[PDB]
Amino acid sequence: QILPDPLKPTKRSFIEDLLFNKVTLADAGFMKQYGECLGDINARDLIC
Amino acid sequence: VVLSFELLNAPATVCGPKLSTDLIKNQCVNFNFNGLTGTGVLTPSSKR
């Protein structure tokens, strides 16, 4: 449970997966393109 | 004679002498709407 599982596609362990699932982050990717912000104006995204 | 009015907050029907041009969209332009001037990109909106 504390080592990566070769069969599963994830590179982390089971417990690491649970830990990463227990914290919620809005900013994921660090890339926001101009076209996206222009095309999603009605959303009023905070990052935009 | 005392003239009183309001500016840049509501519809207006009294304007100074100025030639009106065509609408340019999806481009960075200087704009003047009823005396409010600025720079930016204009796009069709879903607001009502």
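FYI, it's all coordinate maths here, none of it is from the lab. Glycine also receives a Cβ, built like all others from the backbone with ideal geometry; neighbour counts cover every protein chain displayed.
What's the local net charge at residue A:1, with K and R +1, D and E -1, over the other residues with C-beta under 11 Å away?
-3
Can you compute the charge dipole magnitude of the protein assembly as shown about its Cα centre, using +1 on each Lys and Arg Cβ and -1 on each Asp and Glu Cβ, nothing else charged? Give it in debye, rounded to the nearest 20.
100 debye
Over the alpha carbons of chain A, what is the largest minus smallest coordinate on each principal axis, giving the biggest first in Å?
Taking the Cα atoms of chain A, the three principal extents are 44, 19, 14 Å.
Give the distance, in whole Å, between the Cα centre of segment A:2-23 and the Cα centre of segment A:25-44.
Using only Cα atoms to place each centre, the spacing works out to 28 Å.
Enumerate by residue number the chymotrypsin sites (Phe, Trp or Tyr not before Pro) in chain B meeting two conditions: DSSP loop (anything except H, G, I, E, B), and at most 10 other Cβ atoms within 10 Å of the site's Cβ.
Answer by residue number: B:5.
Let me know the charge dipole size of chain A about its Cα centre in debye, to the nearest 20, where only the beta-carbon of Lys, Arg (+1) and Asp, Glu (-1) is charged.
120 debye
Put +1 on the Cβ of each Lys and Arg and -1 on the Cβ of each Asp and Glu in chain A; which of A:3, A:48, A:30 then has its Cα farthest toward the positive end of the dipole?
A:3
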